[PDB]
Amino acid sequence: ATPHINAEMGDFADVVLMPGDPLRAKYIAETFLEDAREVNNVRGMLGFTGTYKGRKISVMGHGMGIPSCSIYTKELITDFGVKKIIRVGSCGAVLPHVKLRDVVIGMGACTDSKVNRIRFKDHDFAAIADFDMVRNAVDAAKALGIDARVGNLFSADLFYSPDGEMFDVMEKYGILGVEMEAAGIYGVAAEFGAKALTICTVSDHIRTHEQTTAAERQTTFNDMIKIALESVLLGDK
């Protein structure tokens, strides 16, 4: 057990799905996993382990922000034998052609955080996902007949940005979505030799904001989870 996870080696599957909200982890466990058991509850960051179509899978929250998710993914990788981490969250869109409920896959993640410069001697470290994992996710999406865009995400340190000028910049350089952790997770994955992937559903449009129905948003969130779960099965083959 670690300071943030009160569990023991074996308690987690070698693959962990991670939403930002801990309550969302219980929701995932309850909806898609069979014979699921709770394996952590320290600081309320609920974690579960069960099976998906006979495949052992875990799901646990990582909180908001790079500093927060950096702690959990690191401990899982170095103390619980986790080989793959899949973040499943939400994001805001800046590009006009990107609509609400769009499923985005971050093959890369930009950031205003300084954590990767600290690791990479003040230089530019391209925070990227594991290729095979992105490929498995894209294929799983196609099988479920779901679009899915693959590109850059932007991991912000400030949800409430002091100067909203970066949004024009993000849009200019093709950023698909704005969230708060992909760059941190990709950084730890590279630092401790593991594999990670971030998938998001567009929950708003920075400028436009727009709106839809709850039943439809909830349907789209489940598609994301199904894509994540099915991508793991393809990876096993």
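Note that residue numbering begins at 1 and tracks the sequence as displayed.
- The deposited model assigns a higher average Cα B-factor to 165-173 than to the other stretch when 165-173 and 191-199 are compared.
- For the pair 208-216 and 175-183, the record assigns the higher mean C-alpha temperature factor to 208-216.
- In the PDB entry, the Cα temperature factor peaks, among 128, 82, 110, 103, at 103.
- Within the selection 36, 28, 60, 64, the deposited Cα B-factor values reach their highest point at 36.
- When all modelled residues of the chain are sorted by CA temperature factor, residue 157 is found within the lowest third.
- Among all modelled residues in its chain, residue 92 ranks in the middle third by Cα B-factor.
- In the PDB entry, residue 71 places in the middle third of its chain by CA B-factor.
- Ranked by Cα temperature factor within the chain, residue 124 sits in the lowest third according to the deposited record.
- Placement of the Cα temperature factor of residue 117 within the chain: lowest third of the modelled residues, per the deposited record.
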